[PDB]
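Peer 1: File start01.pdb below, PDB, C-alpha atoms:
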ATOM      1  CA  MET A   1      40.528  55.029  25.168
ATOM      2  CA  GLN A   2      38.560  57.785  26.896
ATOM      3  CA  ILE A   3      34.849  58.484  26.524
ATOM      4  CA  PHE A   4      32.949  61.370  28.079
ATOM      5  CA  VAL A   5      29.462  61.034  29.544
ATOM      6  CA  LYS A   6      27.909  64.446  30.178
ATOM      7  CA  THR A   7      24.982  63.677  32.462
ATOM      8  CA  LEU A   8      21.644  65.437  32.882
ATOM      9  CA  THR A   9      22.682  66.381  36.438
ATOM     10  CA  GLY A  10      25.428  68.527  34.901
ATOM     11  CA  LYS A  11      28.123  66.017  35.864
ATOM     12  CA  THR A  12      30.891  64.982  33.472
ATOM     13  CA  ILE A  13      31.674  61.272  33.859
ATOM     14  CA  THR A  14      34.709  59.882  32.035
ATOM     15  CA  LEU A  15      35.436  56.223  31.269
ATOM     16  CA  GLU A  16      38.521  54.318  30.125
ATOM     17  CA  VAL A  17      37.246  51.698  27.671
ATOM     18  CA  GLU A  18      37.965  50.268  24.232
ATOM     19  CA  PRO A  19      35.898  50.579  21.020
ATOM     20  CA  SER A  20      35.512  46.798  21.150
ATOM     21  CA  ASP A  21      33.726  47.152  24.496
ATOM     22  CA  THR A  22      29.974  46.706  24.434
ATOM     23  CA  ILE A  23      27.473  49.244  25.704
ATOM     24  CA  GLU A  24      26.785  46.738  28.480
ATOM     25  CA  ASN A  25      30.432  46.960  29.536
ATOM     26  CA  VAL A  26      30.334  50.772  29.661
ATOM     27  CA  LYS A  27      27.144  50.608  31.716
ATOM     28  CA  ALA A  28      28.778  48.091  34.065
ATOM     29  CA  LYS A  29      31.790  50.404  34.379
ATOM     30  CA  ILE A  30      29.488  53.268  35.379
ATOM     31  CA  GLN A  31      27.912  50.823  37.841
ATOM     32  CA  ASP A  32      31.280  50.071  39.444
ATOM     33  CA  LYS A  33      32.555  53.644  39.570
ATOM     34  CA  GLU A  34      29.336  55.504  40.460
ATOM     35  CA  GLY A  35      26.741  52.938  41.548
ATOM     36  CA  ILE A  36      24.395  53.516  38.586
ATOM     37  CA  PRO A  37      23.144  50.027  37.642
ATOM     38  CA  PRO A  38      23.630  49.150  33.965
ATOM     39  CA  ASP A  39      19.939  48.491  33.284
ATOM     40  CA  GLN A  40      18.893  51.962  34.490
ATOM     41  CA  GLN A  41      21.585  53.421  32.221
ATOM     42  CA  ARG A  42      20.527  54.630  28.780
ATOM     43  CA  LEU A  43      23.428  55.837  26.633
ATOM     44  CA  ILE A  44      22.328  57.710  23.506
ATOM     45  CA  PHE A  45      24.441  58.427  20.425
ATOM     46  CA  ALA A  46      23.579  59.826  16.978
ATOM     47  CA  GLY A  47      19.850  59.846  17.680
ATOM     48  CA  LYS A  48      20.033  56.045  17.830
ATOM     49  CA  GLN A  49      18.818  53.786  20.627
ATOM     50  CA  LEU A  50      22.041  52.133  21.761
ATOM     51  CA  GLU A  51      21.688  48.479  22.733
ATOM     52  CA  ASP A  52      23.762  46.787  25.430
ATOM     53  CA  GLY A  53      25.037  43.876  23.335
ATOM     54  CA  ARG A  54      26.329  46.128  20.568
ATOM     55  CA  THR A  55      29.842  47.540  20.785
ATOM     56  CA  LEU A  56      31.135  51.099  20.742
ATOM     57  CA  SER A  57      32.371  50.686  17.160
ATOM     58  CA  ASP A  58      28.898  49.813  15.851
ATOM     59  CA  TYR A  59      27.622  53.218  16.987
ATOM     60  CA  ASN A  60      30.741  54.984  15.621
ATOM     61  CA  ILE A  61      32.230  55.863  19.020
ATOM     62  CA  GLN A  62      35.653  57.549  19.096
ATOM     63  CA  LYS A  63      38.029  58.650  21.848
ATOM     64  CA  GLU A  64      36.854  61.656  23.897
ATOM     65  CA  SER A  65      33.339  61.159  22.509
ATOM     66  CA  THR A  66      30.292  62.423  24.406
ATOM     67  CA  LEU A  67      27.595  59.992  25.511
ATOM     68  CA  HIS A  68      24.558  60.902  27.602
ATOM     69  CA  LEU A  69      23.269  58.587  30.334
ATOM     70  CA  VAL A  70      19.518  58.839  30.937
ATOM     71  CA  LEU A  71      17.788  57.057  33.810
ATOM     72  CA  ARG A  72      15.549  54.737  31.784
ATOM     73  CA  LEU A  73      13.340  52.943  34.297
ATOM     74  CA  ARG A  74      11.898  49.602  33.247
ATOM     75  CA  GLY A  75       8.113  49.644  33.405
ATOM     76  CA  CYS A  76       5.893  52.575  34.273
TER      77      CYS A  76
ATOM     78  CA  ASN B  50      31.265  48.516  -0.474
ATOM     79  CA  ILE B  51      32.841  51.738  -1.739
ATOM     80  CA  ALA B  52      36.127  52.674  -0.083
ATOM     81  CA  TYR B  53      35.736  56.229   1.185
ATOM     82  CA  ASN B  54      38.870  57.822  -0.271
ATOM     83  CA  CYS B  55      39.770  60.773   1.944
ATOM     84  CA  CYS B  56      39.929  64.019  -0.030
ATOM     85  CA  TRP B  57      42.222  65.547   2.575
ATOM     86  CA  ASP B  58      45.536  67.159   1.636
ATOM     87  CA  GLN B  59      47.899  64.277   0.719
ATOM     88  CA  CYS B  60      45.733  62.011   2.938
ATOM     89  CA  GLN B  61      44.949  59.120   0.581
ATOM     90  CA  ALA B  62      42.845  57.029   2.966
ATOM     91  CA  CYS B  63      40.136  54.886   1.378
ATOM     92  CA  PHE B  64      38.002  53.001   3.898
ATOM     93  CA  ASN B  65      34.946  50.990   2.878
ATOM     94  CA  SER B  66      33.409  51.633   6.319
ATOM     95  CA  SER B  67      32.191  54.903   7.810
ATOM     96  CA  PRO B  68      33.690  54.437  11.325
ATOM     97  CA  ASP B  69      37.103  53.356  10.028
ATOM     98  CA  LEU B  70      37.184  56.241   7.545
ATOM     99  CA  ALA B  71      36.193  58.679  10.290
ATOM    100  CA  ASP B  72      38.873  57.335  12.637
ATOM    101  CA  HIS B  73      41.549  57.560   9.940
ATOM    102  CA  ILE B  74      40.504  61.105   9.002
TER     103      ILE B  74
END
Render the structure in this file as structure tokens.
Peer 2:
Amino acid sequence: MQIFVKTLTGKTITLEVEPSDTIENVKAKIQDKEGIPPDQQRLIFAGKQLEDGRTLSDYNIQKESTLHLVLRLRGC
Amino acid sequence: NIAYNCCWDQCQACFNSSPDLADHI
């Protein structure tokens, strides 16, 4: 199923995943298809901090949904 | 766990979970 990731750079990035896929898998998919490493990826949904190990279904993710990837840099 | 019975026209869908109910609706 399709998910949409509307980025801060104005880009619309689409992924072909399953609801059973984890957030880590979606981040890895973005890594393969764009080069954005999964750790730097922060996908936000429903005002909730999405965790890698959790799946798309836990955050109530449907087909054609809209996630937002924020460059979350470890450490500061 | 209350099954969320869908009050949609002729759509008798009662799901105890929010994501499943939303998907069915």
Peer 1: Within 9 Å of chain A, which residues of chain B show up when using all atoms listed in the file, listed as a ChimeraX atom specification?
Peer 2: /B:67-69,71-72
Peer 1: Which neighbours of residue 5 of chain A fall inside 8 Å, counting only C-alpha atoms, when residues of the same chain fewer than 3 positions from it are skipped, and could you give them as a PDB file with C-alpha atoms, in the coordinates of the input?
Peer 2:
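Written output follows (out_32.pdb):
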ATOM      1  CA  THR A  12      30.891  64.982  33.472  1.00  0.00           C
ATOM      2  CA  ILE A  13      31.674  61.272  33.859  1.00  0.00           C
ATOM      3  CA  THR A  14      34.709  59.882  32.035  1.00  0.00           C
ATOM      4  CA  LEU A  15      35.436  56.223  31.269  1.00  0.00           C
ATOM      5  CA  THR A  66      30.292  62.423  24.406  1.00  0.00           C
ATOM      6  CA  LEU A  67      27.595  59.992  25.511  1.00  0.00           C
ATOM      7  CA  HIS A  68      24.558  60.902  27.602  1.00  0.00           C
ATOM      8  CA  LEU A  69      23.269  58.587  30.334  1.00  0.00           C
TER       9      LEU A  69
END
Peer 1: One number please: atom CA of residue 7 of chain A to atom CA of residue 53 of chain A, in Å, one decimal.
Peer 2: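 These two atoms are separated by 21.8 Å.
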Peer 1: Counting only C-alpha atoms, what is within 6 Å of residue 65 of chain B, bar same-chain residues fewer than 3 positions away, as a ChimeraX atom specification?
Peer 2: /B:50-53
Peer 1: Please report the interatomic distance between atom CA of residue 52 of chain A and atom CA of residue 72 of chain A in Å with one decimal.
Peer 2: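 So the two atoms, atom CA of residue 52 of chain A and atom CA of residue 72 of chain A, lie 13.1 Å apart.
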Peer 1: Find the distance between atom CA of residue 75 of chain A and atom CA of residue 4 of chain A and write it in Å to one decimal.
Peer 2: 28.0 Å
Peer 1: Identify the residues within 8 Å of coordinate (26.7, 44.8, 26.2) (same frame as the file), considering only C-alpha atoms, and give the answer as a tab-separated table (two decimals) with C-alpha atoms, in the coordinates of the input.
Peer 2:
chain	number	residue	atom	x	y	z
A	21	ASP	CA	33.73	47.15	24.50
A	22	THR	CA	29.97	46.71	24.43
A	23	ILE	CA	27.47	49.24	25.70
A	24	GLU	CA	26.78	46.74	28.48
A	25	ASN	CA	30.43	46.96	29.54
A	26	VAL	CA	30.33	50.77	29.66
A	51	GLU	CA	21.69	48.48	22.73
A	52	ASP	CA	23.76	46.79	25.43
A	53	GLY	CA	25.04	43.88	23.34
A	54	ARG	CA	26.33	46.13	20.57
A	55	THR	CA	29.84	47.54	20.78
Peer 1: At a cut-off of 9 Å around the point (38.8, 57.7, 1.1) (file coordinates), what residues fall inside when counting only C-alpha atoms? I'd like the answer as a ChimeraX atom specification.
Peer 2: /B:51-57,60-65,70,74
Peer 1: Starting from the block above, write chain A out to a file with C-alpha atoms, as a PDB file, in the first residue's frame, please.
Peer 2:
ATOM      1  CA  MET A   1       0.000   0.000   0.000  1.00  0.00           C
ATOM      2  CA  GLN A   2       1.019   3.586  -0.742  1.00  0.00           C
ATOM      3  CA  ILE A   3       2.059   6.210   1.794  1.00  0.00           C
ATOM      4  CA  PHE A   4       2.855   9.841   1.060  1.00  0.00           C
ATOM      5  CA  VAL A   5       5.689  11.741   2.726  1.00  0.00           C
ATOM      6  CA  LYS A   6       5.381  15.480   2.106  1.00  0.00           C
ATOM      7  CA  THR A   7       8.799  16.820   3.053  1.00  0.00           C
ATOM      8  CA  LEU A   8       9.831  20.200   4.441  1.00  0.00           C
ATOM      9  CA  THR A   9      11.749  20.854   1.199  1.00  0.00           C
ATOM     10  CA  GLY A  10       8.395  20.835  -0.606  1.00  0.00           C
ATOM     11  CA  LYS A  11       9.058  17.395  -2.097  1.00  0.00           C
ATOM     12  CA  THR A  12       6.413  14.664  -2.172  1.00  0.00           C
ATOM     13  CA  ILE A  13       7.992  11.257  -1.520  1.00  0.00           C
ATOM     14  CA  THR A  14       5.831   8.162  -1.988  1.00  0.00           C
ATOM     15  CA  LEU A  15       6.508   4.674  -0.619  1.00  0.00           C
ATOM     16  CA  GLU A  16       5.082   1.223  -1.336  1.00  0.00           C
ATOM     17  CA  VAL A  17       4.866  -0.511   2.050  1.00  0.00           C
ATOM     18  CA  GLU A  18       2.477  -2.541   4.186  1.00  0.00           C
ATOM     19  CA  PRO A  19       0.736  -1.545   7.451  1.00  0.00           C
ATOM     20  CA  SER A  20       2.659  -4.381   9.099  1.00  0.00           C
ATOM     21  CA  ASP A  21       5.916  -2.633   8.176  1.00  0.00           C
ATOM     22  CA  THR A  22       7.717  -0.876  10.994  1.00  0.00           C
ATOM     23  CA  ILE A  23       8.707   2.776  10.985  1.00  0.00           C
ATOM     24  CA  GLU A  24      12.281   1.500  10.747  1.00  0.00           C
ATOM     25  CA  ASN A  25      11.404  -0.247   7.484  1.00  0.00           C
ATOM     26  CA  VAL A  26       9.879   2.923   6.006  1.00  0.00           C
ATOM     27  CA  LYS A  27      12.969   4.874   7.043  1.00  0.00           C
ATOM     28  CA  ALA A  28      15.189   2.215   5.453  1.00  0.00           C
ATOM     29  CA  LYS A  29      13.096   2.428   2.275  1.00  0.00           C
ATOM     30  CA  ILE A  30      13.645   6.195   2.165  1.00  0.00           C
ATOM     31  CA  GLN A  31      17.338   5.432   2.712  1.00  0.00           C
ATOM     32  CA  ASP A  32      17.437   3.125  -0.312  1.00  0.00           C
ATOM     33  CA  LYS A  33      15.413   5.321  -2.654  1.00  0.00           C
ATOM     34  CA  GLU A  34      16.718   8.777  -1.672  1.00  0.00           C
ATOM     35  CA  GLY A  35      19.836   8.310   0.463  1.00  0.00           C
ATOM     36  CA  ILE A  36      18.297   9.715   3.667  1.00  0.00           C
ATOM     37  CA  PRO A  37      19.634   7.463   6.455  1.00  0.00           C
ATOM     38  CA  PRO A  38      16.920   5.982   8.685  1.00  0.00           C
ATOM     39  CA  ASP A  39      18.302   7.450  11.919  1.00  0.00           C
ATOM     40  CA  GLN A  40      18.192  11.025  10.576  1.00  0.00           C
ATOM     41  CA  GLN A  41      14.589  10.380   9.517  1.00  0.00           C
ATOM     42  CA  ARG A  42      11.830  11.504  11.873  1.00  0.00           C
ATOM     43  CA  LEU A  43       8.340  10.551  10.692  1.00  0.00           C
ATOM     44  CA  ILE A  44       5.555  12.280  12.630  1.00  0.00           C
ATOM     45  CA  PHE A  45       1.895  11.252  12.752  1.00  0.00           C
ATOM     46  CA  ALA A  46      -1.038  12.417  14.902  1.00  0.00           C
ATOM     47  CA  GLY A  47       1.148  14.643  17.063  1.00  0.00           C
ATOM     48  CA  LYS A  48       2.846  11.470  18.310  1.00  0.00           C
ATOM     49  CA  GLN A  49       6.562  10.698  18.331  1.00  0.00           C
ATOM     50  CA  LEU A  50       6.751   7.677  16.040  1.00  0.00           C
ATOM     51  CA  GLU A  51       9.265   5.038  17.105  1.00  0.00           C
ATOM     52  CA  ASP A  52      11.203   2.847  14.679  1.00  0.00           C
ATOM     53  CA  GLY A  53      10.270  -0.522  16.186  1.00  0.00           C
ATOM     54  CA  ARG A  54       6.547   0.205  16.096  1.00  0.00           C
ATOM     55  CA  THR A  55       4.550  -0.611  12.978  1.00  0.00           C
ATOM     56  CA  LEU A  56       2.392   1.543  10.731  1.00  0.00           C
ATOM     57  CA  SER A  57      -0.782   0.027  12.203  1.00  0.00           C
ATOM     58  CA  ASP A  58       0.106   1.112  15.748  1.00  0.00           C
ATOM     59  CA  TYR A  59       0.072   4.755  14.634  1.00  0.00           C
ATOM     60  CA  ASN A  60      -3.146   4.239  12.612  1.00  0.00           C
ATOM     61  CA  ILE A  61      -1.523   4.563   9.176  1.00  0.00           C
ATOM     62  CA  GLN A  62      -3.709   4.001   6.100  1.00  0.00           C
ATOM     63  CA  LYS A  63      -3.082   3.916   2.354  1.00  0.00           C
ATOM     64  CA  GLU A  64      -2.270   7.300   0.769  1.00  0.00           C
ATOM     65  CA  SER A  65      -1.590   8.704   4.248  1.00  0.00           C
ATOM     66  CA  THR A  66       0.689  11.712   4.728  1.00  0.00           C
ATOM     67  CA  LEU A  67       3.806  11.415   6.871  1.00  0.00           C
ATOM     68  CA  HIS A  68       6.388  14.156   7.365  1.00  0.00           C
ATOM     69  CA  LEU A  69      10.110  13.371   7.498  1.00  0.00           C
ATOM     70  CA  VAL A  70      12.128  15.784   9.643  1.00  0.00           C
ATOM     71  CA  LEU A  71      15.921  15.701   9.792  1.00  0.00           C
ATOM     72  CA  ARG A  72      16.334  14.815  13.472  1.00  0.00           C
ATOM     73  CA  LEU A  73      20.063  14.946  14.177  1.00  0.00           C
ATOM     74  CA  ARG A  74      21.336  12.909  17.105  1.00  0.00           C
ATOM     75  CA  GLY A  75      23.110  15.111  19.625  1.00  0.00           C
ATOM     76  CA  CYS A  76      23.490  18.868  19.512  1.00  0.00           C
TER      77      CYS A  76
END
